[PDB]
Structure formats: C-alpha cells, structure tokens
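In the structure tokens that follow, a single protein chain appears in two forms: structure 1, then structure 2.
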Structure 1
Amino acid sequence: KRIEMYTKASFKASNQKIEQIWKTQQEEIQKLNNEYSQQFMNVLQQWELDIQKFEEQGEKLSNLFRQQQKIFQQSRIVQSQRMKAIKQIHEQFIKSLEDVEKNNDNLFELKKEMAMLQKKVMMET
C-alpha cells in the first residue's frame, strides 16, 4: 500500500527526467531546422529580388532598343532616297543636254544668215 505509492512517486520523477532528455535533444534539432529554414528562406527572397531587378533592367533597354530602331529605319530610307535623288538629277541633266543637242542640229539658222549675206552681195554686183 505505502511501498506501492512511494515507488509510484519515483517512477513519475524518473519518467519526467527521461522525457526532458528526449525533449532537449529534439529542441536542439528544431533550432537547427529553423535556423536552416530562415537562411534558406532569405536566399530565395534575395534571389526573387534579384530577378525583379534583372527584369526591370531588361525592360528599360527594351524601350531604348525601340527608339533607336525607329530612328534607324528612318535614316536607312533617307540614305536610299538621297541616292534616288541624285540619279534623278543626273538623268534630267543628261536629257536636257540631249534636248539642247537636238536644237544644235536645227541651227547648223546659220545658213539662213549666209544666204542673206549672199543675196546682199549679188544685189551689189
């Protein structure tokens, strides 16, 4: 009766110390598991922030690309437009000279003035 109670008290105190040994070692493993999770969680949050900066950086240069691209197309067509222009100018020059040369054949007007000088000459004689 009494012996049986005293041995129940001591079992409950040993049981308590046996738990605490188990708990202490599981608490220590938990602080490692947690400390490991925070460092691991902070590295992915940093990487996420890094991808954010990465994408914001790439987006500016996408707009910068665009402005140069419209300017780059305009300069291209002007380079070919100028060139057509000088071809046009040369072709109108050459044609306006051919046109002149045609009236040269008409003039070889001289013979008219000589026939007139000859008429005056004979009239004298």
Structure 2
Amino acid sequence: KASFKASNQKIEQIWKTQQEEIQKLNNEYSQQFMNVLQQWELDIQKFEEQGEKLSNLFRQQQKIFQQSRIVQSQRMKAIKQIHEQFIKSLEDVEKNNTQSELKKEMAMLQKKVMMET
C-alpha cells in the first residue's frame, strides 16, 4: 500500500503547514500582547503612586489646618492674659492710692497759717 502511504503524508503536510501558519500568527500576537501588557502594569503602578502623592498633599494640608487652629488659640489666650493682668495691675494701683497725703499737706499748711497769726 505504498501509494496510500505516500499520499497519506502529502495530506498531513497540507494540513500542518496550514495549521503552522495560524500558530505563528498566535505566537506573534501573544508575544506582542504580553510585552505591552507588562509595561502597562508598570505604568498602572505609577498612576496609583501618583494617586498617593495627591492624597498625601491633602492630609498635609489638613495638618496645617489644625496647627493654625492651635496657633490661633494660643495667641488669643496669651493676649487675654496680658490684658487681664494690665487690668489687675491698675486695680492694685487704685488700692495704692495720696488723697490723705493731700490732707496731710493741707493740715500742715493750716498749722503754718495759725502760727503766723
């Protein structure tokens, strides 16, 4: 059956060369596909790390917010004191005060006047 076997191989050749074509096309695709898919995962990473940076820039601006608050609150309190003391310390000045030291200078002047009469 040599005639049958010779034409049996000539058919499979027809087949497999055809199928070889389709496979070379799939290899080329895959290779190309996976290459670009790989660098795409890299860029996808940076794009999330840039999502990070912005989201950190806000939390930073949040901290500023509270620091200013505290600062504001510390300044107002320092002023209030300074003022409360000033007021206290004038109240002590009023207690230190003279209208009798006036009576004394007046009394003396009275003595002086009586004498010379």
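Reference numbering: structure 1, starting with residue 1. C-alpha atoms forming the largest set that superposes within 1.5 Å between two forms make up the rigid core.
After superposition on the rigid core, displacement of the C-alpha of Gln57 between structures 1 and 2 amounts to 2 Å or more.
Core-superposed comparison between structures 1 and 2: the CA of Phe72 exceeds or equals a 2 Å shift. In the core-superposed comparison between structures 1 and 2, the CA atom of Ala115 travels 0.6 Å. Core-superposed comparison between structures 1 and 2: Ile86 shows a Cα shift of 1.0 Å.
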